[PDB]
């Protein structure tokens, strides 16, 4: 097989898909498979991809139901031990694929790096319970996951057109999938905000079904620093009895509520 599979969903990416592919082929010291999942691009996208006649590139061009449908198709076919997803507007940094192969040899099922968004580091969060009341903790395109990890967790849920990656990672956390965060930039990155938020809140309720939508939004804003946090102790007392995982998530995310978390663990778990 291969050390790495890179799944590249494309639709009308003719402007950048050549730079994206160059950043993958420049990776040395790893056997790499590339699976381009195109949704029927009418521009030069296929003409450009076919310029990269690497004997380890696969082109899938057929109607799909959105990016995560296209991602699902590529992950399903991936024959590499570690699988990564690279948008056509993104580029891998030098040496990242060997860094992923190195950290995977120890058995870690997920290897995640840093993300450069407009020359700024994405404000990542830790892969831990506290992620479950937030969005995706690391950049999706900076994540690599083994064949086993996908086989354990499943595919991306097409009900989420934006944050299906966050939902998958939360399922990974909840499934105790091993993760090692590498403090190196893996990718340089190239949608209505309301829709982003709506999907993030729904993903959070999927971890903790007892939360009203407003309550999930308050937690997201509290963790992301977008809103206040005075009502965290209220939320904790209201639902702490439900899940030890929920109590763990809030005390990690909001260290100010530790003494209150102690009480929930004591009276309920």
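Positions refer to the first chain, counted from 1.
- Gaps at residue 191 occur in at least a third of the other compared entries of the protein that contain both adjacent residues.
- The stretch of deposited sequence separating residue 190 from residue 191 contains 4 to 9 residues lacking coordinates in this entry.
- Higher mean CA B-factor, judged across 180-188 and 164-172 from the recorded values: 180-188.
- Checked against the record, the higher mean CA B factor of 222-230 and 198-206 lies with 222-230.
- Between the residues 108, 86, 132, 143, it is 108 that shows the highest Cα B-factor in the PDB record.
- In the PDB entry, residue 157 places in the lowest third of its chain by CA B-factor.
- Residue-level temperature factors show residue 72 in the lowest third of its chain, judged at the C-alpha atom.
- Residue 13: CA B factor in the highest third of modelled residues in this chain (values from the PDB entry).
- The deposited CA B-factor of residue 20 belongs to the middle third of values across its chain.
- In the deposited entry, the Cα temperature factor of residue 34 sits in the bottom third of values across the chain's modelled residues.
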